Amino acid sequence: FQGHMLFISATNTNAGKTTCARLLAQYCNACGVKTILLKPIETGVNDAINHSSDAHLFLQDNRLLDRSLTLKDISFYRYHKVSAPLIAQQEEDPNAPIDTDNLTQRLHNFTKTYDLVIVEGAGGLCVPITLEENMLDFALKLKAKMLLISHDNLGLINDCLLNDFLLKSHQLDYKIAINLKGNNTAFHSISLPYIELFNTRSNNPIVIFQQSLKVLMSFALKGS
């Protein structure tokens, strides 16, 4: 086959997509699985003045494999507004709706040259990209596997399970992984006991990202 593709979404903005994506791509590359990081859509940016957007961080990592990469090779629709992409596009670029067919082509072209293509979304599964499509729809069009990153705070149970319900209702392979931050041991006392129970009762368990680099590389690469 050509390279595999893994979409990274989240329970909430700031849950840890970018941190986790970069740690997973680093692990994969260290294991000889040639992996690129892409941020096709990004809001809240001003590239004239700031070089630490998600796409810039991914570009830094990516140039360790290809010096010739530039920002426009890995991020395609970029907006100043800190909002859903649909809204940002309508306000800043009214004559250029986001074209997910184009994005699908561009992202799949990287499966020629990489073993794994990691695609970070924006905003969450239900966040609108176009009038007709949300991030999940985009992931479905890509035929990617899905890694949903959860925050590690009170509330994670509800948030994970809301996403579980949406994902299990669609035809894609997915995992949910909690981004368990340093210095949080309330998690183990408050939320973990339910995660444990859920995992005995579910055929698709919720994992802890930090425990799961090998498992998640296996997931991303398995099969066709």
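The first residue of the sequence shown is number 1, and the count goes up from there.
- Higher average CA B factor: 178-186, of the stretches 178-186 and 36-44.
- If you average the C-alpha B-factors over 118-126 and over 95-103, the higher value belongs to 95-103.
- The PDB entry assigns the greatest CA B-factor among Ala144, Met135, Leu131, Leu147 to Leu131.
- If you compare the C-alpha temperature factors of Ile74, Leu86, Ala139, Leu154 in the entry, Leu154 comes out highest.
- For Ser169, the recorded CA temperature factor ranks within the highest third of the chain's modelled residues.
- For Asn158, the recorded CA temperature factor ranks within the lowest third of the chain's modelled residues.
- When the modelled residues of the chain are ordered by C-alpha B-factor, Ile49 sits in the highest third.
- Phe219: CA B factor lies in the middle third for its chain, per the PDB record.
- Among the modelled residues of its chain, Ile195 has a C-alpha B-factor that falls in the lowest third according to the deposited record.
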